[PDB]
Amino acid sequence: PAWXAXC
Amino acid sequence: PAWXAXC
Amino acid sequence: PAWXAXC
Amino acid sequence: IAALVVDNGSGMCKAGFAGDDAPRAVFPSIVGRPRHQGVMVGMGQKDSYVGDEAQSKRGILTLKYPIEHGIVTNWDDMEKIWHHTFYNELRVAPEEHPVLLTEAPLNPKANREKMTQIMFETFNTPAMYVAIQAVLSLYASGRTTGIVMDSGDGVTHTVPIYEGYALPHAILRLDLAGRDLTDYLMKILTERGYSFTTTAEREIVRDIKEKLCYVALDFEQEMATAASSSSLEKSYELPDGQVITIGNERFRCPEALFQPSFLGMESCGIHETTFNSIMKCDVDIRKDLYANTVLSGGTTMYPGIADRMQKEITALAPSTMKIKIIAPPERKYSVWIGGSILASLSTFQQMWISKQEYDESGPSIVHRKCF
Amino acid sequence: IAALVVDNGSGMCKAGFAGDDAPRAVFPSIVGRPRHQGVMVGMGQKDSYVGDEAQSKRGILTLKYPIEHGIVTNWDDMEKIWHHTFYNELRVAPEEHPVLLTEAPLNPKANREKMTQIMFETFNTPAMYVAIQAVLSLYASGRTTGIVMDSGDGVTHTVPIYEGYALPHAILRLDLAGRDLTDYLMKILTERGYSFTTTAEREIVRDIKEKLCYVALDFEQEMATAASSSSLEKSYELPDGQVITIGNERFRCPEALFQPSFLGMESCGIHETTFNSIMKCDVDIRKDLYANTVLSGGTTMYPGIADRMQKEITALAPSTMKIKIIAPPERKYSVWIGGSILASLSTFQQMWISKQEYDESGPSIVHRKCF
Amino acid sequence: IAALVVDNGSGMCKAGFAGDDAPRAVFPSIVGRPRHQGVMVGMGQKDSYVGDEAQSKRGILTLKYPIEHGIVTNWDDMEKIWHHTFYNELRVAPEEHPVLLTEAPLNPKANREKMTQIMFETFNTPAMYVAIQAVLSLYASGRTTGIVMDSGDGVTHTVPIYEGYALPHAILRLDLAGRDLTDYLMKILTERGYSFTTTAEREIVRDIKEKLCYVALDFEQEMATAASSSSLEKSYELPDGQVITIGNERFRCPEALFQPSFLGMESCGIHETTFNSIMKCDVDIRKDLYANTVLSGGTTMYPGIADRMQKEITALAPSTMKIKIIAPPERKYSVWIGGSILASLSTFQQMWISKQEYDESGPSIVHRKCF
Ligand SMILES: Nc1ncnc2c1ncn2[C@@H]1O[C@H](COP(=O)(O)OP(=O)(O)O)[C@@H](O)[C@H]1O
Ligand SMILES: Nc1ncnc2c1ncn2[C@@H]1O[C@H](COP(=O)(O)OP(=O)(O)O)[C@@H](O)[C@H]1O
Ligand SMILES: Nc1ncnc2c1ncn2[C@@H]1O[C@H](COP(=O)(O)OP(=O)(O)O)[C@@H](O)[C@H]1O
Ligand SMILES: [Mg+2]
Ligand SMILES: [Mg+2]
Ligand SMILES: [Mg+2]
């Protein structure tokens, strides 16, 4: 999360 | 890093 | 490669 | 005109004018909104809160940080943080002063661009730069050959630099950081029946963190001791007066930095991300960088962390090598300090992006010197 | 009795009997171990997993490849791989068939010696050989005059072998390979917002690499094409079914094969190591070598690579010369195809070292006809 | 005023004023450039380091040797070496002192032309000469009749010189030199898994050669001992602190001077080229040469090379000859010393080409005196 994808 | 010294 | 036509 | 140096770090936004030795503002990088409906209308209660105002009204608020793992997740609440950063904390008009913003390595290109859009078009800054937070910690220590291990709430990164040239192929960013270390303390506190769940309670546990966790020099020995006797246990009073107690949990919390496997990640610990980074650079550039492991950011504050780094990375490194952990006082705030130093240089007046440049180049100007 | 041909590739093992035109078994060469405690005692679970079993269980295992850069970095996980290669994937008893292994040029001498001891004293083989990977390929190409650029997950080799007599002094080994480009693909995908970290995510990145990525014919022009247009944007669904839109990234990922300066290695691109390997040979054979340039191994499968290769060496090489990048379809397993031919080529039936010879001359026997 | 003497060696530049008994400046003939973008602008980096500077900063720089086998391959790099030689290493204005240049035998006309042009027009030297390196070598032992076997980093050559007059038709060149022996040293160290690829790593290998290799007197018995006891094998430690073991490889490297087949060179070994130059000499004088075989240049520094040269060329000569190998100390810088000797003398004070002569007659003066 936060990440655009992957977290 | 696969080799001994060096990589 | 130094040499013009050889090394 | 003096420049403004602002570090938008995931826990706190350190801000102030250049050349000074400490920031004029140190407010938690938090925005808050009410969790319940209002009644005493003569108060004129605010549409939103920020910083230590959010610590003041804290128990009645939903709280959020707009920065996570160094990505800005919410540009509206980040713009609030910047509006308060300038116009209340420093009372400056940013439209009249150049600004140095600090940014994490290996972070999405859009974040530099969206930041710069807001800075030139909302806040009308006359000039701007977006410095790599690692480079600043090295400037902060005066040295110019070393490896910076920087870690606060959102990111841990190791960046080696030698004779001032970068080694970008050797940067490692491990997203295990202070926020995560707080999450983990909440889980393990639950083992003793101490419960914390609201975002306000989360930040009480942040407080316990600050003042109660050490990073034991040997985990097997210390865990054996804490299972053997109660002597190591210390207590802390909540804002509601009752005394919590911390035992094994004191050192388990930051043990995660040396065993991220406790938090479920596959990644090797901060000693290993340092060693693997020195091993990513040439053999020459090495013994030197093993004499110069430089620490920065608030999660480097734990007692014994420099000892643990040394007694760990010296076990990874070759024998007959000198390993030293340069862990300065105010490692808490090195980057502001580094940014202040960089803003003091005459030649850095040639590095800035000017608003006149931005208006003619478009967004791609923000990327000339970045990781 | 039919002999066995096994290629110990750093990424995927290819194995089968002689005579066949494709290798029956392809376990991607991976051993993997449980990342967490097993809880369901009724599942009948096992200590560690391999190949497609490792791929099946991927999201709960830490994955290790026991070959890097061709060196067998771990012997127990390699021997586990061979136990699964023979008794599970091929259902053959290696103590009843001669076996031919494959190995990289310039690999450390000790590797061949350990392999030999494991074959003769774990798997009790009757007779054994270890063919130099490139060599096998020209057999797979038919042509017995040519220079082989073999490029797999680990090594890259550029042997020139002429009139069927080798030229070992002219061999160049460049440790840029498919794993290195997988690792670089992680870095560049970060720039648009996507985080990949785990060993399991390395395989998802590998899938993106094997589908959407391709070699630019001219980097600057295609770069500029992005900068002008969305026209090269394509998208891939993760296991979540969420689509990730990658671009400017495809013609960058493998541009590293021609610019290793992107990844902080020093040595020249695979085209330059091709030209420079030819230039090590005696000046007569060069005309024939330029006309017999052979590509092999999975990283030679990028779309556009032939065009780029042919133009790149056409820049480096003389004018008034002809350049033939012989790059067939099925270039991938153009080794366990060459080894199939070599074990079938009955004149070779003296070359297999007998167990009795190894039991007398010890490990020294392996240095029979190698580099 | 004192003339300036410069030995333009392929690996190291030896230089000083005339009449010094040893060179003042002795430095690796390296031009460097940075491999990575510079980020700490306040350091004030310079774009190309030279000599011991480049060797200090080793792992952040690409390292270029501008001289290959006596051919100056890159002129602006070599011009920077001479600039550093004059203004910094010797601290002198080369336009105010005559200059003595050493040059390798059988080296193309254009090299002397461009050396001449750069001296007379970049540096505006007032008078100049270019000496055949072997002349200076023989003169350095104070003798005036013999044959020189010179062997630097770039060229090995044999020159018969009688009553101080050279025999030009009887000269031989063999390009198998110290760099080539460094090359072969890489390859053989790779057998024990010690890889070395970057130019920086090349310099490590050069250092290793210079302290653990030696010329075996008796190759067969030695190599049989090396296959029988570990007592012949020993160790060295990297700039990365870790130890490396040098063994069979110790002698195998320098053996190449006698067996160029080991590097795939069909060319004759140093004992054969010395013999084959003595046998090009007139039948009368061969005796006078055998008492006067002088060795010069740094690759003649291998322990036991004199003993080997003797015991080898013994077999090539007829019985009943005084086959004496002149291998003193200072053979290291002998060529330069000879330059300083010859430069001090009124007879040689006739030889120096006046700038005015070259200015009026163009290259037509040097086109004679190069023979
Ligand atoms: N004395 C301390 N001991 C342990 N951790 C600390 C200490 N002081 C601060 N920290 C941690 O550092 C984190 C923020 O670090 P810092 O880098 O200063 O802020 P930012 O990451 O926002 O730049 C906080 O979450 C805090 O938990
Ligand atoms: N279509 C493709 N295009 C480019 N590269 C590919 C493609 N398919 C597979 N690869 C790469 O080839 C690598 C495997 O190389 P291969 O030659 O098949 O085996 P080895 O690595 O043992 O030589 C894989 O890691 C993969 O990244
Ligand atoms: N102790 C040593 N043993 C063997 N070789 C040496 C030793 N010291 C120096 N050398 C070799 O001498 C070579 C250079 O010698 P020198 O003639 O002074 O320079 P150049 O060859 O450039 O004129 C180098 O290649 C180096 O390998
Ligand atoms: Mg920070
Ligand atoms: Mg392969
Ligand atoms: Mg010399």
# chains A, B, ... in the order shown; residues from 1 in each chain; ligands from 1
>>> residues_near_ligand(ligand="ligand 5", cutoff="10 Å", atoms="only C-alpha atoms and all ligand atoms", output="number ranges by chain")
E: 7-14, 69-70, 102-104, 133-134, 150-157, 177, 296-299, 332-336
>>> residues_around(residues="residue 4 in chain B", least_positions_apart="2", cutoff="7 Å", atoms="only C-alpha atoms", output="VMD selection string")
(chain B and resid 1 to 2 6) or (chain F and resid 193 to 194)
>>> write_last_selection(atoms="N, CA, C and O atoms", output="short mmCIF file (atom, residue, chain, number, x, y, z; two decimals), in the first residue's frame")
data_model
loop_
_atom_site.label_atom_id
_atom_site.label_comp_id
_atom_site.auth_asym_id
_atom_site.auth_seq_id
_atom_site.Cartn_x
_atom_site.Cartn_y
_atom_site.Cartn_z
N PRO B 1 30.15 -12.38 -6.72
CA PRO B 1 29.70 -12.98 -5.63
C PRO B 1 29.38 -14.25 -5.79
O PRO B 1 28.64 -14.76 -4.91
N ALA B 2 29.81 -14.98 -6.81
CA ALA B 2 29.44 -16.27 -6.94
C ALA B 2 30.57 -16.97 -6.96
O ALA B 2 30.63 -18.15 -6.57
N UNK B 6 36.25 -11.64 -6.16
CA UNK B 6 35.79 -11.18 -7.34
C UNK B 6 34.32 -11.05 -7.39
O UNK B 6 33.80 -10.17 -6.65
N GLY F 193 38.75 -20.05 -9.27
CA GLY F 193 37.55 -19.28 -9.01
C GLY F 193 37.76 -17.84 -8.61
O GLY F 193 36.83 -17.21 -8.11
N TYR F 194 38.96 -17.30 -8.81
CA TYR F 194 39.24 -15.89 -8.54
C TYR F 194 39.06 -15.11 -9.84
O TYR F 194 39.95 -15.07 -10.69
#
>>> interface_residues(of="chain F", to="chain E", cutoff="9 Å", atoms="only C-alpha atoms", output="number ranges by chain")
F: 35-36, 62, 187, 190-194, 197-199, 262-264
>>> write_last_selection(atoms="N, CA and C atoms", output="PDB file, in the first residue's frame")
ATOM      1  N   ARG F  35      33.326   6.450 -13.771  1.00  0.00           N
ATOM      2  CA  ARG F  35      32.374   5.454 -14.285  1.00  0.00           C
ATOM      3  C   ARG F  35      30.904   5.802 -14.008  1.00  0.00           C
ATOM      4  N   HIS F  36      30.644   6.791 -13.150  1.00  0.00           N
ATOM      5  CA  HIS F  36      29.336   7.141 -12.598  1.00  0.00           C
ATOM      6  C   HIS F  36      29.151   8.667 -12.540  1.00  0.00           C
ATOM      7  N   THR F  62      37.119   4.353 -14.710  1.00  0.00           N
ATOM      8  CA  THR F  62      37.646   3.589 -15.828  1.00  0.00           C
ATOM      9  C   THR F  62      39.092   3.948 -16.017  1.00  0.00           C
ATOM     10  N   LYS F 187      43.317 -15.391 -16.566  1.00  0.00           N
ATOM     11  CA  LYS F 187      42.736 -16.620 -17.022  1.00  0.00           C
ATOM     12  C   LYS F 187      43.090 -17.768 -16.113  1.00  0.00           C
ATOM     13  N   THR F 190      41.396 -17.615 -12.753  1.00  0.00           N
ATOM     14  CA  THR F 190      39.991 -17.986 -12.911  1.00  0.00           C
ATOM     15  C   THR F 190      39.769 -19.463 -12.631  1.00  0.00           C
ATOM     16  N   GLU F 191      40.786 -20.303 -12.839  1.00  0.00           N
ATOM     17  CA  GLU F 191      40.684 -21.737 -12.565  1.00  0.00           C
ATOM     18  C   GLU F 191      40.352 -22.008 -11.109  1.00  0.00           C
ATOM     19  N   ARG F 192      40.989 -21.291 -10.183  1.00  0.00           N
ATOM     20  CA  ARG F 192      40.713 -21.411  -8.753  1.00  0.00           C
ATOM     21  C   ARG F 192      39.529 -20.544  -8.314  1.00  0.00           C
ATOM     22  N   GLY F 193      38.755 -20.047  -9.270  1.00  0.00           N
ATOM     23  CA  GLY F 193      37.548 -19.284  -9.014  1.00  0.00           C
ATOM     24  C   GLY F 193      37.760 -17.842  -8.608  1.00  0.00           C
ATOM     25  N   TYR F 194      38.955 -17.299  -8.806  1.00  0.00           N
ATOM     26  CA  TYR F 194      39.236 -15.895  -8.542  1.00  0.00           C
ATOM     27  C   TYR F 194      39.062 -15.113  -9.845  1.00  0.00           C
ATOM     28  N   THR F 197      37.794  -8.702 -13.636  1.00  0.00           N
ATOM     29  CA  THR F 197      37.265  -8.294 -14.930  1.00  0.00           C
ATOM     30  C   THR F 197      37.424  -6.801 -15.173  1.00  0.00           C
ATOM     31  N   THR F 198      37.005  -5.987 -14.214  1.00  0.00           N
ATOM     32  CA  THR F 198      37.104  -4.536 -14.336  1.00  0.00           C
ATOM     33  C   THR F 198      38.558  -4.110 -14.473  1.00  0.00           C
ATOM     34  N   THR F 199      38.788  -2.932 -15.042  1.00  0.00           N
ATOM     35  CA  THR F 199      40.168  -2.468 -15.120  1.00  0.00           C
ATOM     36  C   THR F 199      40.790  -2.377 -13.737  1.00  0.00           C
ATOM     37  N   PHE F 262      51.252 -20.960 -25.026  1.00  0.00           N
ATOM     38  CA  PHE F 262      50.360 -20.985 -23.902  1.00  0.00           C
ATOM     39  C   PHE F 262      49.320 -19.879 -23.971  1.00  0.00           C
ATOM     40  N   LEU F 263      49.645 -18.772 -24.643  1.00  0.00           N
ATOM     41  CA  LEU F 263      48.697 -17.719 -24.981  1.00  0.00           C
ATOM     42  C   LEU F 263      48.256 -17.775 -26.441  1.00  0.00           C
ATOM     43  N   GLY F 264      48.420 -18.921 -27.086  1.00  0.00           N
ATOM     44  CA  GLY F 264      48.116 -19.118 -28.453  1.00  0.00           C
ATOM     45  C   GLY F 264      48.864 -18.299 -29.455  1.00  0.00           C
TER      46      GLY F 264
END
>>> residues_around(residues="range 15-27 of chain D", least_positions_apart="5", cutoff="12 Å", atoms="only C-alpha atoms", output="PyMOL selection string")
chain D and resi 1-10+50-56+65+81-82+84-92+94+97-102+140+330-345
>>> atom_distance(atom1="CA of residue 146 in chain E", atom2="CA of residue 283 in chain E")
14.4 Å
>>> atom_distance(atom1="atom 17 (O, counted along the ligand's line) of ligand 1", atom2="CA of residue 73 in chain D")
18.2 Å
>>> residues_around(residues="residue 314 in chain D", least_positions_apart="5", cutoff="10 Å", atoms="only C-alpha atoms", output="number ranges by chain")
D: 271, 275, 290, 308-309, 319, 321-324
>>> atom_distance(atom1="CA of residue 213 in chain E", atom2="CA of residue 61 in chain E")
26.9 Å
>>> closest_residue(among="E:253, E:121, E:41, E:74", to="chain B", atoms="only C-alpha atoms")
E:74
>>> select_by_dssp(residues="range 7-113 of chain D", states="strand (DSSP E or B)", output="ChimeraX atom specification")
/D:7,12-17,25-28,31-34,49-50,61-64,67-68,71-72,99-103
>>> select_by_dssp(residues="range 219-348 of chain F", states="helix (DSSP H, G or I)", output="ChimeraX atom specification")
/F:219-226,230-232,249-252,254-257,260-263,270-278,286-290,298-301,305-316,334-343,348
>>> decode(residues="range 285-332 of chain F", atoms="C-alpha atoms", output="compact mmCIF listing (two decimals), in the first residue's frame")
# COMPACT_ATOMS: atom_id res chain seq x y z
CA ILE F 285 80.71 -11.45 -33.53
CA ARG F 286 78.45 -14.09 -31.90
CA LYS F 287 81.00 -14.82 -29.16
CA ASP F 288 81.16 -11.13 -28.23
CA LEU F 289 77.34 -11.14 -27.87
CA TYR F 290 77.20 -14.27 -25.64
CA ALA F 291 79.34 -12.57 -22.95
CA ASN F 292 77.03 -9.51 -23.16
CA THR F 293 73.35 -10.49 -23.14
CA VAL F 294 71.83 -7.62 -21.16
CA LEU F 295 68.28 -7.72 -19.76
CA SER F 296 66.19 -4.55 -19.35
CA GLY F 297 62.66 -3.32 -18.54
CA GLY F 298 60.34 -4.38 -15.75
CA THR F 299 59.14 -7.84 -16.90
CA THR F 300 62.78 -8.94 -16.71
CA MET F 301 62.29 -8.70 -12.90
CA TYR F 302 60.84 -12.17 -12.38
CA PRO F 303 62.94 -14.20 -9.91
CA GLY F 304 64.98 -16.83 -11.65
CA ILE F 305 64.44 -15.39 -15.15
CA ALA F 306 68.22 -14.96 -15.56
CA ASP F 307 68.85 -18.56 -14.51
CA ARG F 308 66.18 -19.75 -16.93
CA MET F 309 67.42 -17.55 -19.77
CA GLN F 310 70.90 -18.96 -19.23
CA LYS F 311 69.93 -22.62 -18.88
CA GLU F 312 67.63 -22.27 -21.93
CA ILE F 313 69.88 -20.27 -24.32
CA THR F 314 72.67 -22.68 -23.25
CA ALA F 315 70.89 -25.34 -25.24
CA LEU F 316 70.46 -23.07 -28.28
CA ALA F 317 74.14 -22.07 -28.40
CA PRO F 318 76.90 -24.58 -29.34
CA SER F 319 78.91 -26.13 -26.50
CA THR F 320 82.18 -24.28 -25.64
CA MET F 321 80.73 -20.78 -25.25
CA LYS F 322 80.71 -18.32 -22.31
CA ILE F 323 76.94 -17.90 -22.24
CA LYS F 324 76.65 -15.19 -19.51
CA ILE F 325 73.32 -13.47 -18.76
CA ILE F 326 73.81 -9.88 -17.59
CA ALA F 327 70.93 -9.38 -15.17
CA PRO F 328 71.82 -6.77 -12.54
CA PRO F 329 69.64 -4.82 -10.14
CA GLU F 330 68.39 -1.46 -11.50
CA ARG F 331 67.38 -3.33 -14.69
CA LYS F 332 63.97 -1.95 -13.59
